[PDB]
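Listing of run_35.json, JSON, C-alpha atoms
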```json
[["chain", "number", "residue", "atom", "x", "y", "z"],
["A", 70, "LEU", "CA", 6.41, 13.23, -0.94],
["A", 71, "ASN", "CA", 4.47, 13.74, -4.18],
["A", 72, "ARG", "CA", 2.77, 10.38, -4.81],
["A", 73, "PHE", "CA", 2.38, 6.74, -3.79],
["A", 74, "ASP", "CA", 0.31, 4.68, -6.23],
["A", 75, "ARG", "CA", -2.01, 1.86, -5.23],
["A", 76, "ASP", "CA", -0.41, -0.25, -7.95],
["A", 77, "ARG", "CA", 3.02, 0.33, -6.42],
["A", 78, "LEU", "CA", 1.78, -0.31, -2.87],
["A", 79, "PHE", "CA", 0.27, -3.68, -3.77],
["A", 80, "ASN", "CA", 3.46, -4.61, -5.64],
["A", 81, "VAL", "CA", 5.59, -3.60, -2.64],
["A", 82, "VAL", "CA", 3.64, -5.69, -0.12],
["A", 83, "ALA", "CA", 3.37, -8.68, -2.46],
["A", 84, "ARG", "CA", 7.17, -8.85, -2.74],
["A", 85, "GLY", "CA", 7.23, -8.50, 1.05],
["A", 86, "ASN", "CA", 10.00, -5.89, 1.14],
["A", 87, "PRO", "CA", 9.28, -3.52, 4.07],
["A", 88, "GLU", "CA", 11.95, -1.05, 2.97],
["A", 89, "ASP", "CA", 10.10, -0.26, -0.28],
["A", 90, "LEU", "CA", 7.26, 1.19, 1.82],
["A", 91, "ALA", "CA", 9.48, 4.17, 2.67],
["A", 92, "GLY", "CA", 7.64, 7.46, 2.25],
["A", 93, "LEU", "CA", 4.12, 6.06, 2.54],
["A", 94, "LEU", "CA", 3.49, 7.57, 5.98],
["A", 95, "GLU", "CA", 4.85, 10.96, 4.91],
["A", 96, "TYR", "CA", 2.75, 10.90, 1.75],
["A", 97, "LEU", "CA", -0.38, 10.06, 3.76],
["A", 98, "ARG", "CA", 0.32, 12.78, 6.33],
["A", 99, "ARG", "CA", 1.00, 15.40, 3.65],
["A", 100, "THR", "CA", -2.19, 14.46, 1.78],
["A", 101, "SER", "CA", -4.31, 13.45, 4.81],
["A", 102, "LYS", "CA", -5.00, 10.09, 3.17],
["A", 103, "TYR", "CA", -5.94, 6.71, 4.61],
["A", 104, "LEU", "CA", -5.06, 3.23, 3.38],
["A", 105, "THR", "CA", -8.78, 2.37, 3.42],
["A", 106, "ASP", "CA", -9.77, 5.10, 0.95],
["A", 107, "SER", "CA", -11.16, 4.12, -2.45],
["A", 108, "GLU", "CA", -7.79, 5.10, -3.94],
["A", 109, "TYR", "CA", -6.08, 2.25, -2.07],
["A", 110, "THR", "CA", -8.74, -0.41, -2.77],
["A", 111, "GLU", "CA", -9.78, -2.22, -5.93],
["A", 112, "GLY", "CA", -13.33, -0.84, -5.80],
["A", 113, "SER", "CA", -14.90, -3.98, -7.22],
["A", 114, "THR", "CA", -14.48, -5.88, -3.95],
["A", 115, "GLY", "CA", -12.89, -3.36, -1.60],
["A", 116, "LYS", "CA", -9.57, -5.16, -1.28],
["A", 117, "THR", "CA", -6.94, -3.47, 0.89],
["A", 118, "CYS", "CA", -3.15, -3.53, 0.81],
["A", 119, "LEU", "CA", -3.22, -5.54, 4.05],
["A", 120, "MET", "CA", -5.27, -8.32, 2.45],
["A", 121, "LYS", "CA", -2.74, -8.44, -0.39],
["A", 122, "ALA", "CA", 0.11, -8.69, 2.13],
["A", 123, "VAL", "CA", -1.59, -11.68, 3.77],
["A", 124, "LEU", "CA", -2.46, -13.24, 0.40],
["A", 125, "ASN", "CA", 1.26, -13.02, -0.49],
["A", 126, "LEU", "CA", 3.09, -14.75, 2.37],
["A", 127, "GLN", "CA", 6.66, -16.07, 2.19],
["A", 128, "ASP", "CA", 6.25, -19.27, 4.22],
["A", 129, "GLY", "CA", 4.78, -18.09, 7.55],
["A", 130, "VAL", "CA", 4.98, -14.28, 7.59],
["A", 131, "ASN", "CA", 5.22, -11.13, 5.48]]
```
Represent the supplied structure as structure tokens.
Amino acid sequence: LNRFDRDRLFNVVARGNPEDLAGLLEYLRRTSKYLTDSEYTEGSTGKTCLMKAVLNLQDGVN
């Protein structure tokens, strides 16, 4: 797994499609990355992909 962009990750979770997350774990393991690293946050507030997932809810759940 070569790359997973923050922009793509936020877009994936907003749409709420769990299948589009495929490869994220492998990419993180290969690169030893964490979803809380500056790369996966806006920087201006420190907003995570989990916050986005909760901000974008289809009725009750995501």
Nearest residue to residue A:120 from the set A:89, A:99, A:74, A:104 (distances using only C-alpha atoms):
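Of A:89, A:99, A:74, A:104, the one nearest residue A:120, counting only C-alpha atoms, is A:104.
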**Request:** Around the point (3.9, -13.9, 3.0) in the file's coordinates, collect all residues with an atom within 12 Å, using only C-alpha atoms, and return them as a PyMOL selection string.
**Result:** chain A and resi 81-87+119-131
Atom CA of residue A:114 sits from atom CA of residue A:77 at a separation of 18.7 Å
Check: Taking into account all atoms listed in the file, which residue in the set A:98, A:80, A:92, A:75 is nearest to residue A:111?
Finding: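 Answer, going by the shortest atom-to-atom distance: A:75.
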Spatial neighbours of residue A:71, 9 Å, only C-alpha atoms, chain gap at least 2 places, as a JSON list (two decimals) with C-alpha atoms, in the frame of the given file:
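Dumped everything to out.json:
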```json
[["chain", "number", "residue", "atom", "x", "y", "z"],
["A", 73, "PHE", "CA", 2.38, 6.74, -3.79],
["A", 96, "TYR", "CA", 2.75, 10.90, 1.75],
["A", 99, "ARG", "CA", 1.00, 15.40, 3.65],
["A", 100, "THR", "CA", -2.19, 14.46, 1.78]]
```
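Between residue A:91 and the residues A:78, A:112, A:118, A:103, the shortest atom-to-atom distance, using only C-alpha atoms, involves A:78.
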To box stretch 113-128 of chain A, take all atoms listed in the file, fit an axis-aligned box, add 5 Å on each side, and give centre and edge lengths in Å to one decimal, as lines of an AutoDock Vina configuration file.
```
center_x = -4.1
center_y = -11.3
center_z = -1.5
size_x = 31.6
size_y = 25.9
size_z = 21.4
```
### Task
Enter the distance from atom CA of residue A:108 to atom CA of residue A:88, in Å, rounded to one decimal.
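We find that atom CA of residue A:108 and atom CA of residue A:88 lie 21.8 Å from each other.
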Using Å and a single decimal, report how far atom CA of residue A:70 sits from atom CA of residue A:117.
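So the answer is 21.5 Å.
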